[PDB]
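Colleague: Following this: a sequence and the matching experimental structure.
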Amino acid sequence: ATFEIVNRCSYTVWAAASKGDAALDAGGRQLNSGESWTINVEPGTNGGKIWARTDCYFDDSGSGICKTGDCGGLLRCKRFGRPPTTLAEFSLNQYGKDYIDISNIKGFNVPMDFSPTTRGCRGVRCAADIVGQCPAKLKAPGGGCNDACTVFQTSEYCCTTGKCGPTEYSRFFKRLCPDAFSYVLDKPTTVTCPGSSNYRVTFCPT
């Protein structure tokens, strides 16, 4: 499957793509404002994520640090990034179907649209100013708006027992972005697309 990753933000982002134990494609790249990066993701990939990282410094070897979404100091991510990260999540060719969603379960850093470029399903978006409106206790100094599990590490926010409810913090994310997951047991906002669809992830869509 082809994913085109587009930075429409006015600032540079460092895109990342991983399935948690491996990079997808090159795993990461700098995207200046307006740049597009096309990756190929193997069919059958389960549990893939794409995110943006902000305020990164990398040396010649591809080693460094980012203020949001750092993936163990690497330009080319092999693992998932440090919150806060708005996530585009996908599982491809799962019994004939692809499944896509946007999640705020690991917080929010950059607004995102995640849409198919082929026929037969809808896209999803979270483009509200979550950072500007972020509750004081969830604001990350480096930038972004953390989820409550990251910040407080309770069973309730992290849904550790597999029973949890919505919270004042999850409802914040859900009010601003209804079409994104706000906590682990949120009513799913997954979209079912035809197997082997292609997609575009746009940072700062509006």
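Modeller: Ah, there it is. Numbering: from 1, shown residues only.
Colleague: distance between the helix or strand encompassing residue 173 and the chain's centre?
Modeller: Under the criterion of DSSP states H and E, residue 173 resides in helix 168-176. Its chain's C-alpha centre lies 17 Å from the corresponding centre of helix 168-176 when counted by Cα atoms, centre = their mean, to the nearest Å.
Colleague: Show me which strand runs longest in the chain.
Modeller: Identified as the longest strand of the chain according to DSSP state E is strand 48-58.
Colleague: What strands line up against that one, and which way round?
Modeller: Here strand 48-58 has these sheet partners by DSSP bridges: strand 13-18 (antiparallel), strand 64-68 (antiparallel), strand 87-94 (antiparallel).
Colleague: Of all those, which one is nearest residue 141?
Modeller: Across the strands paired with strand 48-58, residue 141 has its closest neighbour in strand 64-68 (8.6 Å, Cβ to Cβ). Yep, even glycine has a C-beta here, placed from its N, CA and C like the rest.
Colleague: for residue 132, phi and psi?
Modeller: Per-residue torsions, residue 132: phi -60, psi -30 (degrees, to the nearest 10).
Colleague: Residue 3 too?
Modeller: Dihedral pair for residue 3: phi -120, psi 130, per degrees, to the nearest 10.
Colleague: my guess is it contacts residue 202, does it?
Modeller: No. Using Cβ atoms under 8 Å as the test, residue 3 is too far from residue 202 to be in contact (11.1 Å).
Colleague: quick one on the thing from earlier: please tell me how far the longest strand of the chain is from the chain's geometric centre.
Modeller: Here the centre of strand 48-58 is set off from its chain's centre by 10 Å, with Cα atoms, centre = their mean.
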